[PDB]
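> before the rest arrives, take these chains from my complex:
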Amino acid sequence: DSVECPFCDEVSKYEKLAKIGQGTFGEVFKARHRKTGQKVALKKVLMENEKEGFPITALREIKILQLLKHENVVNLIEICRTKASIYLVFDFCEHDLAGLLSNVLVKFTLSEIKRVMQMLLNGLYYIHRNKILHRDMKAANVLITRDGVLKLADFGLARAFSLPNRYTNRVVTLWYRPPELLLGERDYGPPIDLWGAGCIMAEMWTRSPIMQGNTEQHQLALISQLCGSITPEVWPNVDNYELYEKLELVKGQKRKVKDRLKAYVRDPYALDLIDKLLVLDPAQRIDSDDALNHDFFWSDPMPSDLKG
């Protein structure tokens, strides 16, 4: 009832322009600051069936976005109120990765592809060193500003991790989900986002996701048809999994990682990094630090700034 609120300006300070979010991904607006014209993005904190006051997940997202301040992570300007409802104020990045990939008018050179994956791996390295899992790595969550700066976005399903954990297994989209989550691992960590990073790297040349599963069994079958069957010789101690005896999957598959992706990817170093990103074993999957030191980012052509 007309309360004193210095540190929470009203969302009317921005002027809405157009909707950029429909349906599942809430209602997002492109907005313009009424004085400086700074282009921003507003997301109303949805209060659907919240019988517990302010959403605990909105608290978790806000807390995460306040800790993560990086050139390759979206920036939370502030949180605004209304004339109670709550909005999230982000800096506006015009382009997304999925929108550029599914547009035939857009073309990436090998040098620009090196820059995109370097900014994504640098962003994943920063959030992993800050004890933050993204748990929603996909092309639609990767945005690029009009300056060519890649930003990691959509930290809603993101959670913190520490070092027997009991985490949430129903995370990450089916097409980008690592084999650990499909097998029902509740003690997972950073490499679950690095698996989705490999599915994005290959998507740069294929312009379409590589493992478009329909069910959880169809996704685990699609993984084995490309990265080889789930073998205890390939995945040491994959035995303890509950669904390992109940998988019902292919058993004689051999890694089609470099063979099936050979047509779209021309570079030898790029295929070698994708192979190490899409590794079945999490303990043997390449991490954010080693992948940035991989010879893919250190051979000709070198990474170049983004323009097309």
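Sure thing, it's come through. Numbers count the residues shown, from 1 in each chain, chains lettered A, B, ... in the order given.
> mind giving me the packing neighbours of the helix with the most length in chain A?
If you go by DSSP state H, chain A has its longest helix at helix A:110-129. In terms of contacts (3 or more CB pairs under 8 Å, 6 or more residues apart in numbering; DSSP states H and E), helix A:110-129 is packed against strand A:150-152, helix A:191-206, helix A:268-277, helix A:288-293. (C-beta placed from N, C-alpha, C; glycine too.)
> can you put the ones you listed in a markdown table and add mean neighbour count?
Below are these laid out as a markdown table (neighbours: other CB atoms under 10 Å):
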| stretch | mean neighbour count |
| --- | --- |
| strand A:150-152 | 24 |
| helix A:191-206 | 24 |
| helix A:268-277 | 20 |
| helix A:288-293 | 16 |
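> ok, which of the ones you listed comes nearest residue A:224?
helix A:191-206 (14.4 Å; CB to CB).
> tell me what angle the helix or strand residue A:63 falls within forms with helix A:110-129.
Under the criterion of DSSP states H and E, residue A:63 resides in helix A:56-67. Angle of helix A:56-67 versus helix A:110-129, following axes from the mean of the first three to the mean of the last three CA atoms, to 10 degrees, is 110 degrees.
> in helix A:56-67, which residues are buried?
Neighbour counts over helix A:56-67 (16 or more other CB atoms under 10 Å) mark A:58, A:60, A:61, A:62, A:64, A:65 as buried.
> tell me the helix or strand right after it.
Later in the chain than helix A:56-67, the nearest helix or strand by DSSP H and E is strand A:76-81.
> which SSE is immediately downstream of that following strand?
strand A:86-91.
> tell me the angle that next one makes with strand A:76-81.
Computed by the same axes, to 10 degrees, the angle between strand A:86-91 and strand A:76-81 is 150 degrees.
> strand A:86-91 pairs with which strands, parallel or anti?
Note on strand A:86-91: by DSSP bridges, its sheet partners are strand A:39-44 (antiparallel), strand A:76-81 (antiparallel).
> with respect to residue A:8, which of the ones you listed lies nearest?
With CB to CB as the criterion, residue A:8 lies closest to strand A:76-81 of these, at 5.0 Å.
> run through who's touching that closest one.
A:5, A:8-11, A:13-14, A:40, A:42, A:62, A:65-66, A:86-91 (CB atoms under 8 Å, 6 or more residues apart in numbering).
> again, only this time at 7 Å
Residues from elsewhere that reach strand A:76-81 (CB atoms under 7 Å, 6 or more residues apart in numbering): A:5, A:8-11, A:40, A:62, A:65-66, A:86-91.
> and these, which are buried?
The neighbour-count test (16+ other CB under 10 Å) marks A:11, A:40, A:62, A:65, A:86, A:87, A:88, A:89, A:90 as buried among the contacts of strand A:76-81.
> and the residue nearest the centre of chain A?
Closest to where the C-alpha atoms of chain A average out (CA atoms, centre = their mean) is residue A:137, at 2.2 Å.
> surely that residue touches residue A:201?
No - if you go by CB atoms under 7 Å, residue A:137 and residue A:201 don't touch, sitting 11.2 Å apart.
> nearest spatial neighbour of residue A:301, skipping sequence neighbours?
Nearest residue to residue A:301, sequence neighbours excluded (CB to CB, 6 or more residues apart in numbering): residue A:111, at 4.2 Å.
> the nearest residue to residue A:67 once chain neighbours are set aside and residue A:167, how far apart?
Leaving aside its chain neighbours, residue A:67 sits nearest to residue A:130 (6.1 Å; criterion: CB to CB, 6+ apart). In this view, residue A:130 and residue A:167 are 17 Å apart by CB to CB, to the nearest Å.
> do the same with residue A:50
Plainly put, residue A:50 is 23 Å away from residue A:167 if you go by CB to CB.
> who has more neighbours, those two?
More neighbours surround residue A:167 than the other of residue A:50 and residue A:167, with 16 against 13 (other CB atoms under 10 Å).
> one more chain, chain B:
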Amino acid sequence: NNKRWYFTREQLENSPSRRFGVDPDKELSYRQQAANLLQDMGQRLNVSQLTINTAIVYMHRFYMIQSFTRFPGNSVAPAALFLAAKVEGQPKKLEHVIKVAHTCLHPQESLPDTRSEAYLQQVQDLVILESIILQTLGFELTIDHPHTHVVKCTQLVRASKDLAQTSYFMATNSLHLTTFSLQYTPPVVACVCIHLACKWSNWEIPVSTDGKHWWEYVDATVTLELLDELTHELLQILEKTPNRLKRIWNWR
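So that you can see how it sits with the rest, here is chain B on the chains above:
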């Protein structure tokens, strides 16, 4: 700014409660009452000491913007504890917080019917009050507590289990009895908590080989002129609190 939620002695004097008639001593009594209600409810709701301390720091900052006259301590604390519980990984159910907050404030009254008109209002009132707390704090919910810096400092002075527990005791009660959390950083308050705990237990950490005191290794801005000044303020109000010093007094 890093100077947003930190105030001067003149700033605290001109608090919003001062502008509605609350005396300087009357306001400290209001803060001490709320922390006891936050600790009482937190001990009943079975939340960690970290959760309670976060709700207390919310309350201390909440009344730097709002006044105790417009927002009573008996109303803000159950909403501040409900918020801090959800943030600190120990979420308590909304109908449970009001259940405990009732018998804490009204031990003789009976809780109204869950489908009554009055009960549905206070359920709305707590959610309304939680929303106002979030708006008052600017959604700045991450709190650094001196307990993180106390353990890191008693380990490097080789203090026993007893002295480390006393330093932990000085930290929990500095949030209950003083506005140190509104003026001095957690590393500075932790130095004040260990200094008074050493003065209490006749423990004296000698100077290191570099001629450097132990508090220089924790925060460079800490001086002995400041430590004795703050341990004196903390000790006075500790001497005013009943049965508080008995918990750390040596009967042997």
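> mind redoing the contacts of strand A:76-81 now chain B's in there?
Identification of contacts with strand A:76-81 by CB atoms under 7 Å, 6 or more residues apart in numbering or on different chains yields A:5, A:8-11, A:40, A:62, A:65-66, A:86-91, B:135, B:139.
> and the residue of the stretch 1-150 of chain B closest to chain A?
Residue of the stretch 1-150 of chain B nearest chain A, by CB to the nearest CB: residue B:138 (3.0 Å).
> test my guess that that residue contacts residue A:5.
No - the pair residue B:138 / residue A:5 is not scored as a contact, 8.7 Å apart, by CB under 7 Å.
> picking up where we left off before, quick one: residues contacting the residue nearest to the centre of chain A.
Per CB under 7 Å, 6+ apart, neighbours of residue A:137: A:172, A:176, A:193, A:196, A:197.
> distance to chain B added to those residues, as JSON lines?
Output for the contacts of residue A:137, formatted as JSON lines (distance: CB to the nearest CB, whole Å):
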{"residue": "A:172", "distance to chain B": "22"}
{"residue": "A:176", "distance to chain B": "27"}
{"residue": "A:193", "distance to chain B": "21"}
{"residue": "A:196", "distance to chain B": "26"}
{"residue": "A:197", "distance to chain B": "28"}
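> show me what the longest helix of chain A is in contact with.
Residues from elsewhere that reach helix A:110-129 (CB under 7 Å, 6+ apart): A:68, A:70, A:72-73, A:134, A:142, A:150, A:152, A:190, A:193-194, A:197, A:200-201, A:204, A:267, A:288-289, A:291-292, A:296-297, A:301-306.
> and the next helix or strand past that helix?
Next element after helix A:110-129 (DSSP H and E): strand A:132-133.
> what strands line up against that following strand, and which way round?
Going by DSSP bridges, the partners of strand A:132-133 are strand A:159-160 (antiparallel).
> which residue does the stretch 151-252 of chain B have closest to chain A?
Across the stretch 151-252 of chain B, no residue is closer to chain A than residue B:182, which sits at 15.3 Å (CB to the nearest CB).
> pretty sure that residue is touching residue B:7, no?
Yes - using CB under 7 Å, residue B:182 is in contact with residue B:7, at 5.4 Å.
> so for the two, which residues contact both of them?
Here residue B:182 and residue B:7 have residue B:64 as joint contacts, going by CB under 7 Å, 6+ apart.
> burial count for the residue nearest to residue B:102 when sequence neighbours are not counted?
For residue B:102, ignoring the flanking residues on the chain, the nearest one in space by CB to CB, 6 or more residues apart in numbering or on different chains is residue B:111 at 5.1 Å. Applying other CB atoms under 10 Å in any protein chain shown, we find 12 residues neighbouring residue B:111.
> and residue A:2, by the same measure?
Number of residues near residue A:2 (other CB under 10 Å) recorded here: 4.
> and the gap between it and residue A:9?
15 Å.
> then residue A:290?
For residue A:290 relative to residue A:9 (CB to CB), the value is 44 Å.
> got a list of what the residue of chain A found nearest chain B touches?
Using CB to the nearest CB, residue A:7 is the residue of chain A that sits closest to chain B, at 3.0 Å. When contacts are counted by CB under 7 Å, 6+ apart, residue A:7 touches residue B:138.
> against residue B:61, how distant is the residue of the stretch 151-252 of chain B closest to chain A?
Counting by CB to CB, the gap from residue B:182 to residue B:61 is 7 Å.
> tell me which of these two has more neighbours.
The neighbour comparison of residue B:182 against residue B:61 (other CB under 10 Å) goes to residue B:61, with 24 against 19.
> give the contact list for residue 230.
No chain in the question, so chain A it is. Residues near residue A:230 by CB under 7 Å, 6+ apart: A:179, A:224, A:238, A:247, A:249, A:280.
> actually chain B
B:180, B:192.
> so how far is residue B:179 from it?
Taken as CB to CB, the span from residue B:230 to residue B:179 is 11 Å.
> what does residue B:243 give?
Separation of residue B:243 from residue B:179 (CB to CB) stands at 22 Å.
> more crowded one of these two?
residue B:179 (20 against 6).
> what's the local residue count around the residue nearest to that one when sequence neighbours are not counted?
Excluding its sequence neighbours, the residue lying closest to residue B:179 (CB to CB, 6+ apart) is residue B:12, at 6.1 Å. Under the neighbour criterion other CB under 10 Å, residue B:12 is assigned a count of 16.
> alright, calling it a day.
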